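What follows is a short report on a single structure.
Just so it is clear, none of the values below were taken in a lab; they were calculated from the coordinates. Neighbour counts are summed over all protein chains in view; Cβ atoms, including those assigned to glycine, are modelled from backbone coordinates with ideal geometry.
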There are 2 protein chains.
Amino acid sequence: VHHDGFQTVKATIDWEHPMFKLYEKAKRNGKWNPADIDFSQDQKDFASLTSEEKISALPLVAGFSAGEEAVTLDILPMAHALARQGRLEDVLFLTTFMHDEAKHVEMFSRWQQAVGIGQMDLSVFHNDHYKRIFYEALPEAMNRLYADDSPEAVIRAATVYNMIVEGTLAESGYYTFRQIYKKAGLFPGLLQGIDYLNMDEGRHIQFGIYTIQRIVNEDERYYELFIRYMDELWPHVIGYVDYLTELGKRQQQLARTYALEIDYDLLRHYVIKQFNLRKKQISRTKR
Amino acid sequence: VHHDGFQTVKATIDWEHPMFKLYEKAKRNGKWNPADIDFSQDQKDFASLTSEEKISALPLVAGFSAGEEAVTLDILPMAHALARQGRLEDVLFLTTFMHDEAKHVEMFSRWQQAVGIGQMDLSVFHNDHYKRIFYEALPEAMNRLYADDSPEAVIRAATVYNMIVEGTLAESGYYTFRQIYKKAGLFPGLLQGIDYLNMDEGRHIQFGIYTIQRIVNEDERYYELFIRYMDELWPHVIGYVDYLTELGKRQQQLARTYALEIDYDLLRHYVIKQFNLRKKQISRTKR
Ligand SMILES: CCCCCCCCCCCCCCCC(=O)O
Ligand SMILES: CCCCCCCCCCCCCCCC(=O)O
Ligand SMILES: [Fe+3]
Ligand SMILES: [Fe+3]
Ligand SMILES: [Mn+2]
Ligand SMILES: [Mn+2]
Ligand SMILES: [Mn+3]
Ligand SMILES: [Mn+3]
């Protein structure tokens, strides 16, 4: 459908827009290139491991690799819906968001290739709860925006994508990676990547907060929708976390070898902490 | 609609894909930031000019600023359609494409702000032919892909976007900018930007060639569609070029002041040359 005019011909970019400022920060802080990461020590580490230890790391990598790919594809409808609303600064920022995720897909896929498991099908570590979030609920909520960009729809899309998938699951996965392999001195390449991902993620979550809050600011009853949508997905969040925890407990050879007292109870509490603090970053009353 | 699986969980990125290689080149060659360009001399230049000279530059900037904004918005449906086809490497590359265009919008809008014309509405220099390409034909061809991603539709989208708007009009505009203001020693900031744009553009056009050719490679009769779609838009291309040429001739004070023998006949021939050579970059027979 036709353009009726262009903001940067009639006027200029709104230089003070929060999303323009986040876009600028993304350009400054987003120069890292996965192709520069040295994975040579990672290959050696992985080879040194026993088959039982080798397995221990793959479920987490399987969750991340599909997660990065899902969000790379499923962010597009948000960019479209905000473009159609004429929110040019949000779109400029979202171009940095989409490119970040592309790099994240690249980073895990390079690690898999390097350590020799590229040919292995890691879908076996996606249980029903994970599939429910990433194979279904995420793409349903985002694709909805193509035909329905109501405030309700935009809040639900930002909630599933930015507050749950990124704000709860990704954040807890970054924490878990450090708690386990950083301790062990294992996979330095991967951990360098994880640090870069976690830095990008900060901006992704801030987009989600900004988006949900500006809708809540119009009608304080959207706050209730936000809480309700968070709570609808919790059972799948913890159900995936529980499945990963059970696998961890059934395969403890890596932990013993590397003297890691892996506290699954503390990881679980971190997830619960993440979830609850994302709720608190949205104020029911106009902020 | 649901994801049935993820390529980087079942396998890896196809590292040898031409679009993965272009993505890698985009990361290496795409670090420039419009926010780093020093526009101070540009502000002084523009102020030094008479009102008659001031005007001389604005039609070209008006065409570019709206063009950059149009393509930033209108590339999204291509990314979607290729995502839905599972072409992961094309999508990774398209994230660099979208971010480039965002920077291009930013660059012209920063120049406008800096030289003091941000508040001026430059839509007056968009004639009917320009509107036909940028306000209508471009968004029609791209948006079509949301409901119709047939090879015919994809070829028409790549033809209007990559071969005409970028491959013919943008390329000729870059040439024109140099021919005129580089000669004059004017607007060094803007010309630094133009050089960066023109470097990005090379990859954008190569995506379009790759896309059209891989469809032509399946059925050599798509070649005819490509030629026909090129020829359908030519009258608007030259009709905009003629309008810009007429404005140039009616306002020659900048040319006289700066001793520029501006050859509008040579610019026009460059446009014709661009158009004809984009045709030649598509081979009817399997390449
Ligand atoms: C053992 C404790 C469980 C910790 C939680 C593990 C969550 C794994 C994360 C996989 C999905 C990652 C989502 C990517 C989001 C993004 O890239 O923006
Ligand atoms: C005086 C001779 C005429 C020369 C032709 C002028 C064309 C002006 C270009 C304006 C549209 C630019 C399109 C941007 C494409 C992109 O950013 O990929
Ligand atoms: Fe993210
Ligand atoms: Fe371009
Ligand atoms: Mn269950
Ligand atoms: Mn005419
Ligand atoms: Mn990510
Ligand atoms: Mn451009």
Taking the criterion of being more than 14 Å from the chain's Cα centre (by Cα) and buried (at least 20 other Cβ atoms within 10 Å of the Cβ), would at least one residue in the stretch B:60-75 satisfy it? no
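Based on what the data block shows, is B:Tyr270 within 14 Å of chain A (Cβ to nearest Cβ), more than 16 Å from ligand 3 (Cβ to nearest atom) and assigned to a helix (DSSP H, G or I)? Full working, then the answer.
Values: within 14 Å of chain A (Cβ to nearest Cβ): no; more than 16 Å from ligand 3 (Cβ to nearest atom): yes; assigned to a helix (DSSP H, G or I): yes.
Spelling it out, it is not the case that B:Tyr270 is within 14 Å of chain A (Cβ to nearest Cβ), more than 16 Å from ligand 3 (Cβ to nearest atom) and assigned to a helix (DSSP H, G or I).
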Residue ID - farthest from the other protein chains (Cβ to nearest Cβ), chosen from residues in the stretch A:10-55 that are more than 30 Å from A:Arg250 (Cα to Cα) and acidic (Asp, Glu): A:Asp38
Which numbered condition B:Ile194 misses (of (1) more than 13 Å from the chain's Cα centre (by Cα); (2) within 28 Å of B:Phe20 (Cα to Cα); (3) of a type in the set (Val, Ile, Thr)): (1)
Of all residues in the stretch B:186-210, count the ones that are of a type in the set (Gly, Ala, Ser) and free of Cβ contacts under 8 Å to residues at least 12 places away in the same chain. 1
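For the subset of the stretch B:182-193 comprising residues that are among the aliphatic types (A, V, I, L, M) and under 18 Å from B:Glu101 (Cα atoms), which member is surrounded by the fewest Cβ atoms within 10 Å (Cβ to Cβ)? Give the derivation first.
The initial filter retains those residues of the stretch B:182-193 that are among the aliphatic types (A, V, I, L, M), namely B:184, B:186, B:190-191.
The next check asks that each one be under 18 Å from B:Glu101 (Cα atoms); those that pass are B:190-191.
On the way: B:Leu190: 26, B:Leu191: 18.
Selected residue: B:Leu191.
Mind checking whether some residue in the stretch B:123-135 is touching a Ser or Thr at 6+ places or on another chain (Cβ under 9 Å), more than 8 Å from chain A (Cβ to nearest Cβ) and free of Cβ contacts under 8 Å to residues at least 40 places away in the same chain? Walk me through how you get there before you give the answer.
As a first pass, look at the stretch B:123-135 and keep what is touching a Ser or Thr at 6+ places or on another chain (Cβ under 9 Å): none.
No, the stretch B:123-135 has no match at all.
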From B:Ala141, B:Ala157, which residue is assigned to a helix (DSSP H, G or I), buried (at least 20 other Cβ atoms within 10 Å of the Cβ) and within 14 Å of chain A (Cβ to nearest Cβ)? B:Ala141
So which of B:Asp100, B:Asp14 ends up being away from ligand 5 (no atom under 16 Å from the Cβ), surrounded by 15 or more Cβ atoms within 10 Å (Cβ to Cβ) and of a type in the set (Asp, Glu)? B:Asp100
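Considering only the stretch B:59-75, state which residues are touching a residue at least 60 places away in the same chain (Cβ under 8 Å) and either more than 7 Å from chain A (Cβ to nearest Cβ) or within 24 Å of A:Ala66 (Cβ to Cβ) (or both). Steps first, please.
Step one: of the stretch B:59-75, the residues touching a residue at least 60 places away in the same chain (Cβ under 8 Å) are B:59-64, B:66-67, B:70-71, B:73-75.
Residues satisfying the conditions are B:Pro59, B:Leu60, B:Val61, B:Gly63, B:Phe64, B:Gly67, B:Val71, B:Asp74, B:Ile75.
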In the set B:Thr245, B:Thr285, which member is among the β-branched types (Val, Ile, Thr) and touching a residue at least 40 places away in the same chain (Cβ under 8 Å)? B:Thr285
Can you confirm whether B:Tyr243 is within 12 Å of ligand 2 (Cβ to nearest atom) and among the aromatic types (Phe, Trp, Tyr)? yes
Which one of A:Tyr229, A:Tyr222 is more than 24 Å from A:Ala66 (Cα to Cα), buried (at least 19 other Cβ atoms within 10 Å of the Cβ) and not charged (D, E, K, R)? A:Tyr222
Is the stretch B:155-162 home to any residue that is more than 16 Å from ligand 2 (Cβ to nearest atom) and either charged (D, E, K, R) or over 27 Å from B:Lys21 (Cα atoms) (or both)? yes
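Out of B:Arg278, B:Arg256, I need the residue that is outside any loop (DSSP other than H, G, I, E, B) and over 19 Å from the mean Cα position of the chain (by Cα). Which one? Write out each step before concluding.
Details: B:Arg278 fails: over 19 Å from the mean Cα position of the chain (by Cα).
Result: B:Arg256 is the single residue among B:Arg278, B:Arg256 that is outside any loop (DSSP other than H, G, I, E, B) and over 19 Å from the mean Cα position of the chain (by Cα).
Consider B:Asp148 carefully, then state whether it is among the acidic types (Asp, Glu) and outside any helix (DSSP H, G or I). Show your work before the answer.
On the way: among the acidic types (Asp, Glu): yes; outside any helix (DSSP H, G or I): yes.
It is true that B:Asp148 is among the acidic types (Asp, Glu) and outside any helix (DSSP H, G or I).
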Anything in the stretch A:81-119 that is touching a helix residue (DSSP H, G or I) at 6+ places or on another chain (Cβ under 8 Å) and outside any helix (DSSP H, G or I)? List them, or say none. A:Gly86, A:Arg87, A:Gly116, A:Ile117, A:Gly118
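From the list B:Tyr196, B:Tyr175, which residue is more than 16 Å from ligand 1 (Cβ to nearest atom), within 14 Å of another protein chain (Cβ to nearest Cβ) and surrounded by 15 or more Cβ atoms within 10 Å (Cβ to Cβ)?
Numbers: B:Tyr175 fails: within 14 Å of another protein chain (Cβ to nearest Cβ).
So the residue among B:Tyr196, B:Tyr175 that is more than 16 Å from ligand 1 (Cβ to nearest atom), within 14 Å of another protein chain (Cβ to nearest Cβ) and surrounded by 15 or more Cβ atoms within 10 Å (Cβ to Cβ) is B:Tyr196.
Looking at A:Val91, A:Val115, which is the one that is hydrophobic (A, V, I, L, M, F, W, C), more than 16 Å from ligand 7 (Cβ to nearest atom) and without any contact (Cβ under 8 Å) to a residue 40 or more places away in the chain? Walk me through it before giving the result.
Numbers: A:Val115 fails: without any contact (Cβ under 8 Å) to a residue 40 or more places away in the chain.
Just one listed residue meets the conditions, A:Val91.
If only one of B:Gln85, B:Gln7 is within 30 Å of A:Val61 (Cα to Cα), over 23 Å from the mean Cα position of the chain (by Cα) and either surrounded by 23 or more Cβ atoms within 10 Å (Cβ to Cβ) or within 9 Å of chain A (Cβ to nearest Cβ) (or both), which one is it?
On the way: B:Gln85 fails: either surrounded by 23 or more Cβ atoms within 10 Å (Cβ to Cβ) or within 9 Å of chain A (Cβ to nearest Cβ) (or both).
On inspection, the qualifying residue turns out to be B:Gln7.
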For the stretch B:90-106, enumerate the residues that are more than 9 Å from every other protein chain (Cβ to nearest Cβ) and either touching an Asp or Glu at 6+ places or on another chain (Cβ under 6 Å) or β-branched (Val, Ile, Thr) (or both). B:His104
Please specify each residue of the stretch B:88-105 satisfying the condition of being among the β-branched types (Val, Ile, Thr) and more than 12 Å from the chain's Cα centre (by Cα). B:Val91, B:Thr95, B:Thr96
